[PDB]
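Asker: Need the 3D shape of this:
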Amino acid sequence: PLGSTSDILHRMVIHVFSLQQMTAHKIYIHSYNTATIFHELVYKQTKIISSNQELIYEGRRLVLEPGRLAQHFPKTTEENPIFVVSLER
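Answerer: Residues are numbered from 1 along each chain as shown. And now the structure:
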């Protein structure tokens, strides 16, 4: 209150596809949340532990520094999402 989850005008969406579950996910996130928070939000929907999440964008591994702001992620759409792969095993 306001709180970053209710801060609609500063929120954005990142489109993710989990290959392990074969499920699409919309990651609504504050523009100023970090990659660390992004992974937490992905975990909430996929149960893939943050440090087990490998990200792929346009067929290449995507490496994001922990502090990278959501607003500075690559642009995604439902047709061009960030794929998530698990390092587990």
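Asker: the helices in the protein, which residues?
Answerer: Ranges of helices in the chain, per DSSP state H, are 35-46.
Asker: And for residue 8, the neighbour number?
Answerer: Counted with other CB atoms under 10 Å, the neighbours of residue 8 add up to 8. Where C-beta positions appear, they are placed from N, C-alpha and C, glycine not excepted.
Asker: Report the contact partners of it.
Answerer: If you count contacts by CB atoms under 8 Å, 6 or more residues apart in numbering, residue 8 has none.
Asker: now it: how far from residue 14?
Answerer: Distance, residue 8 to residue 14, using CB to CB, to the nearest Å: 16 Å.
Asker: now do residue 28
Answerer: To residue 14, residue 28 is 8 Å away according to CB to CB.
Asker: all strands for the protein, in order.
Answerer: Using DSSP state E, the strands of the chain run over 11-18, 23-30, 53-57, 60-62, 82-86.
Asker: tell me the most buried of the ones you listed?
Answerer: Greatest average neighbour count among the strands of the chain goes to strand 82-86 (a mean of 19), per mean count of other CB atoms under 10 Å.
Asker: Quick one: closest of the strands of the chain to residue 73.
Answerer: strand 11-18 (5.8 Å; CB to CB).
Asker: Could you export that closest one as CSV, CA atoms only?
Answerer: Backbone C-alpha positions of strand 11-18 (Å, rounded to 0.1, in the frame of the first residue of the first chain) are rendered in CSV as follows:
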residue,chain,number,x,y,z
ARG,A,11,4.5,-3.1,-13.8
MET,A,12,5.3,-5.1,-16.9
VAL,A,13,5.0,-8.7,-18.2
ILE,A,14,7.7,-11.1,-19.2
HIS,A,15,6.6,-14.2,-21.2
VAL,A,16,8.1,-17.5,-20.1
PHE,A,17,7.8,-21.0,-21.4
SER,A,18,8.8,-23.9,-19.1
